[PDB]
Amino acid sequence: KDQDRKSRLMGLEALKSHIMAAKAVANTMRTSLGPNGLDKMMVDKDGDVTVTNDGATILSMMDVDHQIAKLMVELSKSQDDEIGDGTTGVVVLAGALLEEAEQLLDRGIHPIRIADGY
Amino acid sequence: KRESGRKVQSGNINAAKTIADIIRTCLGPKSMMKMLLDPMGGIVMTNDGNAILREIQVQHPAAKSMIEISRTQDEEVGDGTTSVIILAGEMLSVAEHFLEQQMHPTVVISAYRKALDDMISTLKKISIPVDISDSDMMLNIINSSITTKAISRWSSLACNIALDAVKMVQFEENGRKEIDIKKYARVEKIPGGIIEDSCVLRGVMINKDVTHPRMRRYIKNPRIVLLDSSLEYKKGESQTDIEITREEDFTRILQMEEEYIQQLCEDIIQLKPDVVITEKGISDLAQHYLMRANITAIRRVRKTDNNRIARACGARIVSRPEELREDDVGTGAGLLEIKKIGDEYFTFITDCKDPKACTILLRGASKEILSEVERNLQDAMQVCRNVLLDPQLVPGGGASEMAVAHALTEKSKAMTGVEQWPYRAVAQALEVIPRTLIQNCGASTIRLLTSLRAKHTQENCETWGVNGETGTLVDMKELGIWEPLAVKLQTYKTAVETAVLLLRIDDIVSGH
Amino acid sequence: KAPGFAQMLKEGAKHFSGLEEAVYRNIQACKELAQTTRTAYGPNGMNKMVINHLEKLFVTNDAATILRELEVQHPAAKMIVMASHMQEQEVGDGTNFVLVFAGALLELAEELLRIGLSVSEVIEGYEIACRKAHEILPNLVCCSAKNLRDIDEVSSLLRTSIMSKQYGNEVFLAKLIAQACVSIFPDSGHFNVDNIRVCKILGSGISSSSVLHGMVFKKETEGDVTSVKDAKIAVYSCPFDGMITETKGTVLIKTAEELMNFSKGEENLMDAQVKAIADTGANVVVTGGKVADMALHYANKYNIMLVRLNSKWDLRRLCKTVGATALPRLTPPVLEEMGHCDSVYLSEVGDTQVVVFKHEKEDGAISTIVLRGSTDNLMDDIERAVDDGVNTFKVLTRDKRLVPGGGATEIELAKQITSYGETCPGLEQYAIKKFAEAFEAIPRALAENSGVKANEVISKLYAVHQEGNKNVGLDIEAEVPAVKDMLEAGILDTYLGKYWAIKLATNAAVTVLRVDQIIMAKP
Amino acid sequence: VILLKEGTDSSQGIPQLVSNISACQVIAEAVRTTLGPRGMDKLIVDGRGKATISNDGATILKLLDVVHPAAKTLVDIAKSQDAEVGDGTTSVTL
Amino acid sequence: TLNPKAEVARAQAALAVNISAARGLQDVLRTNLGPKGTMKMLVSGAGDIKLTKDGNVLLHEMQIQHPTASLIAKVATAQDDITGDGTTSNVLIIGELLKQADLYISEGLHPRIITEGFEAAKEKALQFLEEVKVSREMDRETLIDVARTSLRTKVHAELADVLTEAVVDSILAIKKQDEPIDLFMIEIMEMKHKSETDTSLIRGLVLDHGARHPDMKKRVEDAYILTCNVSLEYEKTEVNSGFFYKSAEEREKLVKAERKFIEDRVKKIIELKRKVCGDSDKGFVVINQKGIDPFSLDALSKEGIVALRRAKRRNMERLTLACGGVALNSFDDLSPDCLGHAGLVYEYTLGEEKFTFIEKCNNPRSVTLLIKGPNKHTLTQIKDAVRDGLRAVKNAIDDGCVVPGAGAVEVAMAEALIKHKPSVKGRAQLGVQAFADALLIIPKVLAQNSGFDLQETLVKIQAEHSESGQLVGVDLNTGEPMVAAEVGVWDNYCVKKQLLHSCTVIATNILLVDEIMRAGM
């Protein structure tokens with residue numbers, strides 16, 4: 001039920017919209033990568049203020065409605081049990097693979113074929 | 001909000017003229033009908049000029065004064081009301097001398113007041129006396145209201161009903177010959193029978209119902225006791241009710257209640273009367289002593305109704321039942337009949353004596369006929385009242401208005417000044433009465449009205465009126481349109497006074 | 001405000017003026033109703049997708065079902081619908097006949113009224129030609145039933161009635177309905193459609209269906225009692241549970257000790273209630289609601305058979321058969337309200353336990369046709385085909401006369417009436433010739449549903465009927481426009497089926513022509 | 001004033017059959033790319049907010065619940081495909 | 001020139017509004033005149049469909065939107081209450097009088113002169129009707145022609161002959177020796193599940209509630225009728241007492257004590273049966289209106305009594321006069337003097353309920369006309385046709401004079417008015433000329449509904465002239481002039497007499513309305 005007012009995104013534009021939503025998270029954390037990376041301002045729902053450059057802490061405090069953006073956050077729980085430091089470097093690397101994949105979709109290459117190349 | 005300046009007097013004319021323009025065709029036996037749309041979609045086709053203006057909502061204040069004065073006229077005389085508004089609207093219908101000529105109102109008002117005294121003196125010259133001893137001459141006079149009605153078959157009976165009733169109420173010893181229909185002439189209706197069975201009862205009939213089966217059904221010499229106070233246990237000066245929460249005290253209050261009621265009822269039956277008539281109500285404990293004496297219990301009788309009984313059977317009004325003397329008796333009453341007539345309880349105190357009052361009994365087959373016979377005899381009694389006050393008749397059918405219009409024209413030649421112009425306008429304003437009679441018939445208005453003025457110039461003004469049914473010219477000595485003088489005098493005095501009252505108001509101000 | 005509305009004096013009811021021709025727009029309403037059911041006529045009729053008022057998806061080609069689901073709000077269109085309700089009386093077929101034929105009369109009546117003929121002459125023209133149709137119809141009777149009560153003959157007649165309703169099952173449903181009908185026929189005048197009750201069961205397919213005697217219910221026996229001859233049957237719609245009085249009866253449960261007391265009390269309440277049933281001598285109890293677990297123990301304790309029927313209509317069938325009413329309270333001991341049955345036992349057919357209510361001593365017309373199907377939508381339509389098949393032989397309980405089907409009589413009867421209209425002078429010949437052309441609507445609607453050109457079929461039918469060859473109807477094929485003999489094919493209709501159908505459809509079109517204006521009124 | 005349907009939506013003929021054909025292609029379009037072991041997946045979120053990810057054709061058709069009457073027919077055929085076989089619902093629908 | 005929140009028409013346009021209202025109403029009701037006319041549909045809005053040609057029903061029941069046309073609807077109500085027929089021809093004449101007068105009013109003629117022409121023409125047409133009526137004695141052959149003429153208009157010309165013998169026979173039985181006739185002596189009943197052609201006579205009265213018991217006799221040849229208002233069901237204590245009980249069982253024991261008063265009265269019914277005609281070939285019937293206890297039904301059923309209960313007021317009223325049983329309010333006064341007599345009493349079983357037939361009576365002074373039909377609205381249409389047929393025969397027997405129909409009288413009156421010179425006013429002849437052409441609308445409308453030409457039909461019937469009396473009328477089937485007296489077409493005298501009085505008064509008052517004012521609207 002509830003077929004009316006159902007948000008649907010399909011076609012080739014659906015992939016380019018998912019990449020754009022993923023690049024929004026990667027472009028945010030790429031400035032905080034490294035020891036000289038700039039910090040981020042956090043305003044809690046209760047009014048608290050904290051400042052940290054830690055990437056794993058940022059992803060936990062970011063509230064994103066988009067579904068693909070939520071998948072990027074779930075990756076932090078898996079990496080923190082291993083590295084816990086360069087977690088930002090994985091999000092930046094994930095955003096670079098999708099950004100260069102946008103140029104390949106214009107050439108007509110199938111997405112599964114692109115994933116096999118990586 | 002408010003109006004000031006010449007607009008008030010110019011507005012009062014259009015307000016009075018609009019109300020008059022409706023009923024212009026309601027005058028005469030051939031008068032046209034009208035149609036009223038109810039808010040729910042109903043239609044009322046009545047041609048009565050009194051009912052039309054009663055249901056019409058009028059916004060302007062002067063339009064209300066036109067209706068309120070006409071309603072007062074209906075109380076005194078039930079005829080000629082439509083002619084009052086037509087004349088009151090025609091005298092104000094000429095605005096030339098009011099505004100365009102720039103004449104001051106008091107100059108015009110002085111012209112109407114001088115013309116009013118001339119219209120009165122002219123009617124007394126052309127009038128004719130009447131012999132009130134002959135009932136045949138009174139027959140054709142009353143037939144003016146009886147014509148075009150369903151009582152035309154019983155018309156011969158309808159004349160004797162209104163004639164003998166008013167002659168009883170008339171008291172000529174005082175010198176003013178005062179007659180009051182609303183009290184002494186009081187009428188009630190009797191279900192059952194036909195129109196022929198309707199007669200004139202000599203006495204005062206009471207509609208009080210029979211509460212208990214024990215009463216006097218028929219008496220040869222009734223006895224009536226009149227007292228104002230009600231029969232009840234004596235209370236205090238206030239209306240506070242008696243509340244008793246104890247049983248021992250209930251026996252003390254009940255004993256006082258039974259003692260005083262039995263004491264007053266004992267002095268009433270000491271004279272052994274046939275009935276007890278009280279002004280106020282009667283309780284249940286008092287009726288137990290009335291049914292034991294086998295006498296009729298009558299209550300709720302007003303002061304005027306009791307004053308007529310005292311002069312009939314020779315009764316006397318006493319304040320309290322304990323003070324009743326032997327002077328209060330019903331000796332001289334013809335009969336006492338409580339018998340049911342037409343499935344309703346009636347009481348007949350009727351006798352052989354004339355206590356300046358009577359009672360009209362309306363027989364009929366249905367309530368629809370009773371309502372028709374009632375209203376037809378009401379104005380007929382007022383016709384009898386107007387004739388007995390001033391036994392003089394004037395020619396109708398428009399001959400009276402034209403006879404006065406000829407006298408005003410001839411006298412205006414000797415009048416010198418600016419008042420002669422509005423003084424002549426009254427003579428032409430009286431021509432509206434014969435004009436509507438011809439227009440309703442269908443004949444040409446200009447041709448007949450012009451030849452009518454030539455008749456009053458040469459021949460006598462007492463004759464040569466206008467026939468309403470045929471439309472031609474006929475003398476009023478050969479036709480029964482002769483009308484009482486008291487009606488025409490009251491009509492002209494009201495039409496002029498109303499026209500003057502509206503000209504005197506130059507401003508309308510809202511405030512309290 | 002002038003100018004005012006044309007012809008409307010009453011309650012704002014739309015009144016068509018002279019140039020508006022109120023008669024035609026009333027015909028237009030009845031014309032659209034025929035177009036909906038015109039494509040459902042014949043064995044090739046298209047299925048209709050119907051949404052029930054309960055938002056259930058139903059697919060059926062039955063015309064009577066469409067008129068129930070589709071609400072007809074037009075007054076003049078209700079007259080044809082009400083004529084269809086009278087069509088279901090005295091015969092169980094001919095519903096599609098009235099809807100198509102009554103519309104055919106009104107479509108051709110529009111052509112006559114445009115010529116300027118009076119509406120009164122059109123009315124008199126149909127009533128005269130209708131009497132000629134009732135005289136010719138007996139002469140068109142070819143063969144009649146042998147009245148042998150043989151399954152081969154009984155199943156051979158159902159081939160036509162089952163056709164146009166359930167296709168492809170014509171062979172199977174012919175013998176199944178025949179076995180149930182041949183049981184009652186030995187009883188003279190006792191045959192009734194209400195005596196044969198149909199009970200549908202979810203299963204593999206129609207091939208698994210069978211025929212049984214008595215009243216067969218799909219619900220098994222809750223008790224362990226196999227067979228009992230007890231005639232006392234008490235139907236109880238109240239479910240079995242703890243007995244509660246109609247008074248207050250407040251039960252206060254505080255501690256676990258009292259919880260076990262009132263728990264055992266319900267076992268004692270159900271004990272005395274079932275005991276009162278065995279005291280009256282009733283070993284058969286029908287339950288409309290659920291059944292408690294403890295009630296199954298007392299049922300076998302007193303050896304009382306228990307029947308659990310969840311359907312409400314299944315309970316009303318017992319109330320009008322054995323006469324056992326369903327009381328609101330829990331097992332009232334009333335003998336007067338019970339029923340009577342000669343034989344009661346549990347049976348198994350198709351790997352399913354079924355309960356059988358029949359009369360061994362008394363003959364009875366009671367019989368039950370068990371149906372099986374995968375889809376309830378397709379299985380319910382089979383029940384509609386059975387009622388039309390059983391009602392077909394309810395007419396043959398009267399005089400047995402058969403007429404050819406497949407539009408064979410429609411061409412033969414239209415050819416004879418045309419001859420009488422030509423010999424009859426005056427202005428009545430116009431309405432008679434149009435009455436004969438109204439018969440052409442059936443073979444056209446039958447050919448269009450089969451994918452065959454209509455004008456080609458009508459041309460061939462007049463050629464073979466002109467030479468004197470009767471019994472020639474329309475052959476049903478997609479690629480073959482030609483025709484074949486109906487008598488050898490086994491397609492035969494009912495005499496009284498056509499007789500009452502022509503009479504009712506005639507008066508339905510006449511009444512519409514009599515009403516020239518529709519006016520709304522207020523109470 | 002007097003109307004037969006009174007808000008009743010009904011249509012027949014050729015346009016009604018063509019409208020049903022276009023509705024059946026929409027149902028087959030969703031499970032179209034999910035055919036095969038290497039086929040792409042789908043993401044469906046319910047009212048609770050959780051996302052379901054899989055290429056299974058039987059699971060996707062259950063979550064769609066299309067209100068179109070002709071679309072419900074193809075959905076019901078997939079349910080009968082599970083009882084008889086248990087796979088191939090994507091192939092039958094497509 | 002008017003007050004706010006109202007409207008007034010000062011000029012003659014107020015008269016033109018009323019004329020347009022009559023012309024609009026004339027065109028609506030002109031199509032239902034005659035048997036060849038069409039029918040109007042009555043939709044109550046709740047789904048009830050009613051079909052009738054009666055003018056009184058199409059007016060009184062249907063509310064008209066236009067205010068002026070509603071007054072004419074109230075006139076047809078008083079029109080049907082007197083004669084019972086002619087409501088359709090009443091409106092058609094009023095519409096034509098206002099139409100023909102509009103030609104002269106537009107020329108400047110005052111309406112009062114036209115109204116005087118109607119009064120002079122009404123007296124001339126009324127005196128001419130005196131010579132037209134026929135004084136012949138009413139017999140069975142004439143009443144059939146009067147019945148067929150009245151019924152043929154309200155039916156399909158099918159049930160006519162079926163309803164013809166039912167209406168004529170019901171009137172002849174209730175009137176003997178010039179006795180005043182009352183239509184309340186005839187009862188109308190309706191049954192379902194039967195064809196419309198099954199309507200027949202009922203000599204007795206049809207009762208609603210029958211007898212309930214397996215042993216009730218389906219038919220009883222002879223029996224006596226005992227009228228009772230007493231209820232035999234459970235009743236409280238008749239004497240002075242109260243409810244004294246120590247349990248629920250003791251309260252039921254007082255029930256048998258209270259029932260003893262009724263049970264002893266039930267035995268009195270059995271005693272009276274055996275005392276008066278309690279032998280074989282006899283019976284007894286209980287017509288008691290109130291309810292009867294089922295146990296009392298069993299005691300009376302074993303004796304051969306057919307019990308009745310839960311009756312109505314109109315039923316017991318007719319059973320009192322027909323059977324002769326005196327109303328008995330207490331069984332202590334039970335005596336054989338209150339017993340009546342009745343013939344064969346049987347209950348005909350329908351497809352649903354059962355009704356009781358008291359028939360085969362000597363002189364019950366009551367009968368019943370049973371109507372049968374497939375639907376509800378068909379029963380209503382037939383019931384209206386019966387009462388319209390009864391008043392047609394009643395007026396024909398009461399007034400021994402009948403007049404020819406088929407528009408023969410209206411054409412004959414139009415000729416005498418044209419040859420009549422004005423007896424009152426010279427200009428009053430324009431009203432006579434307008435009233436003369438208005439009487440010709442009756443044969444014109446009959447030509448339209450028959451499908452013929454309006455002009456050709458009127459010229460032929462007017463061209464008929466001879467030395468002796470010749471009365472011709474419009475023939476619907478042929479179209480040629482036809483004598484209505486020879487073919488058995490007759491109308492009542494009071495109907496034609498009332499139309500001249502009603503059409504003159506109503507059309508006059510419409511021309512007498514000078515202005516239309518809004519009061520409170």
# chains A, B, ... in the order shown; residues from 1 in each chain; ligands from 1
>>> interface_residues(of="chain D", to="chain C", cutoff="8 Å", atoms="only C-alpha atoms", output="VMD selection string")
chain D and resid 1 to 6 69
>>> write_last_selection(atoms="N, CA, C and O atoms", output="tab-separated table (two decimals), in the first residue's frame")
chain	number	residue	atom	x	y	z
D	1	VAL	N	-28.31	15.85	-14.31
D	1	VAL	CA	-28.93	15.61	-13.01
D	1	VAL	C	-28.93	14.12	-12.70
D	1	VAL	O	-28.35	13.69	-11.70
D	2	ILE	N	-29.58	13.33	-13.55
D	2	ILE	CA	-29.65	11.88	-13.38
D	2	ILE	C	-28.50	11.29	-14.19
D	2	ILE	O	-28.46	11.37	-15.41
D	3	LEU	N	-27.54	10.69	-13.48
D	3	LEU	CA	-26.38	10.10	-14.12
D	3	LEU	C	-26.31	8.61	-13.81
D	3	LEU	O	-26.64	8.16	-12.71
D	4	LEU	N	-25.89	7.83	-14.81
D	4	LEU	CA	-25.83	6.38	-14.66
D	4	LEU	C	-24.71	5.97	-13.71
D	4	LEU	O	-24.94	5.23	-12.74
D	5	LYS	N	-23.49	6.44	-13.96
D	5	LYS	CA	-22.35	6.01	-13.17
D	5	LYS	C	-22.30	6.70	-11.81
D	5	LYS	O	-22.08	6.05	-10.78
D	6	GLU	N	-22.52	8.02	-11.79
D	6	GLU	CA	-22.41	8.83	-10.57
D	6	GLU	C	-21.07	8.59	-9.87
D	6	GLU	O	-20.99	8.07	-8.76
D	69	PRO	N	-5.39	-3.24	-10.52
D	69	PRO	CA	-6.01	-4.58	-10.50
D	69	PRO	C	-5.31	-5.58	-11.41
D	69	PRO	O	-5.13	-6.74	-11.03
>>> select_by_dssp(residues="segment 141-278 of chain E", states="strand (DSSP E)", output="VMD selection string")
chain E and resid 186 to 191 200 to 202 206 to 207 219 to 220 224 to 226
>>> residues_around(residues="segment 490-505 of chain E", least_positions_apart="6", cutoff="6 Å", atoms="only C-alpha atoms", output="NGL selection string")
:E and (83 or 94 or 146 or 396 or 402-405)
>>> write_last_selection(atoms="N, CA and C atoms", output="PDB file, in the first residue's frame")
ATOM      1  N   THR E  83     -66.310  16.501  -7.906  1.00  0.00           N
ATOM      2  CA  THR E  83     -66.663  15.581  -8.979  1.00  0.00           C
ATOM      3  C   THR E  83     -65.769  14.351  -9.043  1.00  0.00           C
ATOM      4  N   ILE E  94     -58.101  26.962 -18.370  1.00  0.00           N
ATOM      5  CA  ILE E  94     -57.599  28.166 -17.713  1.00  0.00           C
ATOM      6  C   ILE E  94     -56.420  28.744 -18.485  1.00  0.00           C
ATOM      7  N   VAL E 146     -70.046   3.935 -19.272  1.00  0.00           N
ATOM      8  CA  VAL E 146     -69.480   4.962 -18.405  1.00  0.00           C
ATOM      9  C   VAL E 146     -68.217   4.445 -17.728  1.00  0.00           C
ATOM     10  N   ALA E 396     -73.012   8.979 -12.033  1.00  0.00           N
ATOM     11  CA  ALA E 396     -73.931   8.659 -13.119  1.00  0.00           C
ATOM     12  C   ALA E 396     -75.254   8.114 -12.598  1.00  0.00           C
ATOM     13  N   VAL E 402     -76.666  12.080 -18.225  1.00  0.00           N
ATOM     14  CA  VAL E 402     -75.304  11.925 -18.712  1.00  0.00           C
ATOM     15  C   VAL E 402     -75.171  12.671 -20.032  1.00  0.00           C
ATOM     16  N   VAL E 403     -73.954  13.130 -20.306  1.00  0.00           N
ATOM     17  CA  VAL E 403     -73.678  13.937 -21.493  1.00  0.00           C
ATOM     18  C   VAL E 403     -72.678  13.211 -22.385  1.00  0.00           C
ATOM     19  N   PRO E 404     -72.731  13.405 -23.702  1.00  0.00           N
ATOM     20  CA  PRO E 404     -71.751  12.766 -24.583  1.00  0.00           C
ATOM     21  C   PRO E 404     -70.342  13.273 -24.319  1.00  0.00           C
ATOM     22  N   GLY E 405     -69.369  12.411 -24.619  1.00  0.00           N
ATOM     23  CA  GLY E 405     -67.974  12.713 -24.437  1.00  0.00           C
ATOM     24  C   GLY E 405     -67.256  12.976 -25.744  1.00  0.00           C
TER      25      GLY E 405
END
>>> interface_residues(of="chain A", to="chain D", cutoff="9 Å", atoms="only C-alpha atoms", output="PyMOL selection string")
chain A and resi 1-3+67+112
>>> atom_distance(atom1="atom CA of residue 185 of chain C", atom2="atom CA of residue 146 of chain C")
13.6 Å
>>> residues_around(residues="residue 19 of chain C", least_positions_apart="5", cutoff="12 Å", atoms="only C-alpha atoms", output="ChimeraX atom specification")
/C:6-7,24-25,114
>>> closest_residue(among="E:252, E:27, E:79, E:74", to="chain B", atoms="only C-alpha atoms")
E:74
>>> interface_residues(of="chain E", to="chain C", cutoff="7 Å", atoms="only C-alpha atoms", output="PyMOL selection string")
chain E and resi 36+38-45+62-66+451
>>> interface_residues(of="chain B", to="chain E", cutoff="10 Å", atoms="only C-alpha atoms", output="PyMOL selection string")
chain B and resi 14-15+17-19+21-22+25+30-45+47+52-60+439-443+470
>>> write_last_selection(atoms="C-alpha atoms", output="PDB file, in the first residue's frame")
ATOM      1  CA  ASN B  14     -42.407  60.214  -1.994  1.00  0.00           C
ATOM      2  CA  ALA B  15     -42.844  58.094   1.140  1.00  0.00           C
ATOM      3  CA  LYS B  17     -47.205  58.838  -2.209  1.00  0.00           C
ATOM      4  CA  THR B  18     -45.691  55.365  -2.611  1.00  0.00           C
ATOM      5  CA  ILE B  19     -47.891  53.901   0.134  1.00  0.00           C
ATOM      6  CA  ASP B  21     -50.215  54.354  -4.963  1.00  0.00           C
ATOM      7  CA  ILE B  22     -50.740  50.721  -3.915  1.00  0.00           C
ATOM      8  CA  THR B  25     -57.157  50.472  -7.129  1.00  0.00           C
ATOM      9  CA  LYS B  30     -65.002  46.710  -8.756  1.00  0.00           C
ATOM     10  CA  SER B  31     -61.665  47.196  -6.984  1.00  0.00           C
ATOM     11  CA  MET B  32     -58.753  45.159  -8.328  1.00  0.00           C
ATOM     12  CA  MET B  33     -57.022  42.510  -6.241  1.00  0.00           C
ATOM     13  CA  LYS B  34     -53.399  42.280  -5.106  1.00  0.00           C
ATOM     14  CA  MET B  35     -50.753  39.585  -4.630  1.00  0.00           C
ATOM     15  CA  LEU B  36     -48.433  39.242  -1.621  1.00  0.00           C
ATOM     16  CA  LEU B  37     -45.447  36.881  -1.639  1.00  0.00           C
ATOM     17  CA  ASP B  38     -44.828  35.170   1.691  1.00  0.00           C
ATOM     18  CA  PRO B  39     -41.206  34.434   2.666  1.00  0.00           C
ATOM     19  CA  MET B  40     -41.989  30.708   2.367  1.00  0.00           C
ATOM     20  CA  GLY B  41     -43.621  31.108  -1.056  1.00  0.00           C
ATOM     21  CA  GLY B  42     -47.239  31.663  -0.032  1.00  0.00           C
ATOM     22  CA  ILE B  43     -49.641  33.936  -1.891  1.00  0.00           C
ATOM     23  CA  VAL B  44     -52.346  36.108  -0.310  1.00  0.00           C
ATOM     24  CA  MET B  45     -54.846  37.496  -2.836  1.00  0.00           C
ATOM     25  CA  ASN B  47     -58.041  42.961  -1.739  1.00  0.00           C
ATOM     26  CA  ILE B  52     -52.275  44.736   2.591  1.00  0.00           C
ATOM     27  CA  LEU B  53     -50.488  47.567   4.401  1.00  0.00           C
ATOM     28  CA  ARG B  54     -50.387  45.481   7.586  1.00  0.00           C
ATOM     29  CA  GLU B  55     -48.154  42.815   6.015  1.00  0.00           C
ATOM     30  CA  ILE B  56     -45.913  45.253   4.097  1.00  0.00           C
ATOM     31  CA  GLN B  57     -42.670  46.221   5.819  1.00  0.00           C
ATOM     32  CA  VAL B  58     -42.070  49.964   5.464  1.00  0.00           C
ATOM     33  CA  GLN B  59     -38.597  51.413   6.069  1.00  0.00           C
ATOM     34  CA  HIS B  60     -39.305  55.152   6.093  1.00  0.00           C
ATOM     35  CA  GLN B 439     -60.484  53.817 -13.853  1.00  0.00           C
ATOM     36  CA  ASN B 440     -61.465  50.556 -12.147  1.00  0.00           C
ATOM     37  CA  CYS B 441     -64.570  50.290 -14.337  1.00  0.00           C
ATOM     38  CA  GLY B 442     -62.557  50.720 -17.546  1.00  0.00           C
ATOM     39  CA  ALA B 443     -64.312  53.788 -18.954  1.00  0.00           C
ATOM     40  CA  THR B 470     -71.925  50.665 -14.814  1.00  0.00           C
TER      41      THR B 470
END
>>> residues_around(residues="residue 61 of chain D", least_positions_apart="5", cutoff="12 Å", atoms="only C-alpha atoms", output="list in words")
residues 26, 27, 28, 29, 30, 31, 32, 34, 42, 44, 54, 55, 56, 66, 71, 72, 73, 74, 75, 76, 77, 78, 79, 89, 90 and 93 of chain D
>>> write_last_selection(atoms="C-alpha atoms", output="mmCIF file, in the first residue's frame")
data_model
loop_
_atom_site.group_PDB
_atom_site.id
_atom_site.type_symbol
_atom_site.label_atom_id
_atom_site.label_comp_id
_atom_site.auth_asym_id
_atom_site.auth_seq_id
_atom_site.Cartn_x
_atom_site.Cartn_y
_atom_site.Cartn_z
ATOM 1 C CA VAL D 26 5.744 -1.628 -15.157
ATOM 2 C CA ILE D 27 5.662 -4.713 -12.920
ATOM 3 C CA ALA D 28 8.101 -6.577 -15.169
ATOM 4 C CA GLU D 29 10.376 -3.523 -15.265
ATOM 5 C CA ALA D 30 11.220 -3.749 -11.555
ATOM 6 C CA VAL D 31 12.301 -7.416 -11.651
ATOM 7 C CA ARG D 32 13.795 -7.069 -15.133
ATOM 8 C CA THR D 34 17.341 -8.823 -11.258
ATOM 9 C CA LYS D 42 17.318 -3.453 -5.477
ATOM 10 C CA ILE D 44 13.245 -1.097 -0.858
ATOM 11 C CA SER D 54 18.417 -8.406 -2.558
ATOM 12 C CA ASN D 55 17.856 -9.483 -6.167
ATOM 13 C CA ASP D 56 15.161 -12.041 -5.252
ATOM 14 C CA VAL D 66 0.612 -2.305 -6.353
ATOM 15 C CA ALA D 71 -0.891 -5.714 -11.683
ATOM 16 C CA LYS D 72 -2.249 -7.787 -8.789
ATOM 17 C CA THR D 73 -2.916 -10.623 -11.243
ATOM 18 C CA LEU D 74 0.749 -11.096 -12.175
ATOM 19 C CA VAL D 75 1.663 -10.855 -8.486
ATOM 20 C CA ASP D 76 -0.725 -13.696 -7.640
ATOM 21 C CA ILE D 77 0.791 -15.880 -10.370
ATOM 22 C CA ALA D 78 4.202 -15.527 -8.706
ATOM 23 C CA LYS D 79 2.734 -16.861 -5.451
ATOM 24 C CA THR D 89 9.100 -16.048 -10.324
ATOM 25 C CA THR D 90 11.314 -13.483 -12.062
ATOM 26 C CA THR D 93 6.784 -12.284 -14.555
#
>>> residues_around(residues="residue 365 of chain E", least_positions_apart="4", cutoff="7 Å", atoms="only C-alpha atoms", output="PDB file with N, CA, C and O atoms, in the first residue's frame")
ATOM      1  N   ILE E 174     -74.575  -2.322  -3.677  1.00  0.00           N
ATOM      2  CA  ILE E 174     -74.597  -1.533  -2.450  1.00  0.00           C
ATOM      3  C   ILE E 174     -75.695  -0.478  -2.493  1.00  0.00           C
ATOM      4  O   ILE E 174     -75.846   0.308  -1.551  1.00  0.00           O
ATOM      5  N   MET E 185     -68.481   1.809   1.568  1.00  0.00           N
ATOM      6  CA  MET E 185     -68.978   0.445   1.694  1.00  0.00           C
ATOM      7  C   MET E 185     -68.113  -0.555   0.938  1.00  0.00           C
ATOM      8  O   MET E 185     -68.293  -1.766   1.108  1.00  0.00           O
ATOM      9  N   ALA E 322     -71.251  -6.305   8.554  1.00  0.00           N
ATOM     10  CA  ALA E 322     -71.441  -7.409   7.618  1.00  0.00           C
ATOM     11  C   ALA E 322     -71.996  -8.644   8.315  1.00  0.00           C
ATOM     12  O   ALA E 322     -73.017  -9.199   7.892  1.00  0.00           O
TER      13      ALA E 322
END
>>> residues_around(residues="segment 148-161 of chain E", least_positions_apart="4", cutoff="7 Å", atoms="only C-alpha atoms", output="list in words")
residues 34, 35, 53, 144, 165, 197, 385, 389, 392, 489 and 490 of chain E
